[PDB]
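Sequence lines, in order, name chains B and A.
Numbering-wise, the first sequence is residues 1 to 52, 1526 to 1571 according to PDB author numbering.
Numbering-wise, the second sequence is residues 1 to 52, 1526 to 1571 according to PDB author numbering.
No residue lacks a Cβ here, since even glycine has one placed at the ideal position from N, Cα and C.
Structure, as structure tokens:
Number of protein chains: 2
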Amino acid sequence: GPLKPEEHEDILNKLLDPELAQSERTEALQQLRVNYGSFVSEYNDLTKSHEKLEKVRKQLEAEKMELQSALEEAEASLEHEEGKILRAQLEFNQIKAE
Amino acid sequence: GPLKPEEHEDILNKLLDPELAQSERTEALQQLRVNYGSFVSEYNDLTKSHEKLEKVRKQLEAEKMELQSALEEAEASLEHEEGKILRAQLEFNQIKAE
């Protein structure tokens, strides 16, 4: 992963001294450079991933709404059908009593 | 902010200067330091936000899975009731036809 804030800071402290040997300076600059390039790339991928997750979420919430409505319909069709025999039995007894 | 890679790079090039004046050296390092601290925080927020969304997705997934199960069970029970109505007619036929 990317440099911890304290490792980044330590590199800046090194660069503070103008008497730092040239090879140490250009090594430190390259370290900052590679780190930042990677960090930015990783951040941009995370942003792309986060956007796609937000679409997934909206879609799942809409599908969930659909199923909830679909479920309610089926439960209604079911409770209607469950009473048909009882409705028949009622009519049978009314007929028998007349 | 956060600095673009090429804006970051330009500060790295300033720090590659022999005769860089102390006050410019100091300002350039503070720019890197301030930028990195900010970037790290932004990145950590986005990481945490992403984790939150990934949990929300997993949950919506399960809730959808549950709805679809209950849907199939209500449809199954509807078919079971229709079968019962058919058996009722069959029993009635057996009694009528005597």
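Three or more beta-carbon pairs separated by less than 8 Å link the stretch 1531 to 1549 of chain A to the stretch 1539 to 1547 of chain B, which places the two stretches in contact. In the DSSP annotation of this structure, the continuous segment of the alpha helix (DSSP H) that includes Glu-7 of chain A starts and ends at 5 to 14.
If you draw a 10 Å sphere on the C-beta of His-8 of chain A, you find 16 or more other C-beta atoms in it, and that means buried. 8 Å or more divides the Cβ of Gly-1 of chain A from the Cβ of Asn-44 of chain A. The beta carbon of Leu-29 of chain B sits closer than 8 Å to those of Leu-15, all from its chain and outside the five residues before and after it, given in chain order. Taken atom to atom, the span from the alpha-carbon of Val-40 of chain A to that of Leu-1526 of chain B is near 22 Å. CA-CA distance, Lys-1528 of chain A to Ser-38 of chain A, rounds to 26 Å. At least 8 Å separates the CB of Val-34 of chain A from every CB of chain B. In the three-state scheme derived from DSSP, where H, G and I count as helix and E and B as strand, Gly-37 of chain B is classed as helix.
At a beta-carbon threshold of 9 Å, the residues of chain B lying near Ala-1543 of chain A are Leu-1540, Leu-1544, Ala-1547, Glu-1548, ordered along the chain. Taking the C-beta atoms as reference points, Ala-1547 of chain A is found nearer than 8 Å to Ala-1547 of chain B.
About 10 Å separates the Cβ atoms of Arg-25 of chain B and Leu-12 of chain A, ruling out a contact at the 8 Å cut-off. Put simply, the CB of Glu-6 of chain B is far from chain A, with every gap to its CB atoms at 8 Å or more. Excluding five sequence positions before and after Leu-1551 of chain A, none of the CB atoms of its chain fall closer than 7 Å to its own CB.
Our two residues, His-50 of chain B and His-50 of chain A, have alpha carbons roughly 6 Å apart in a direct line.
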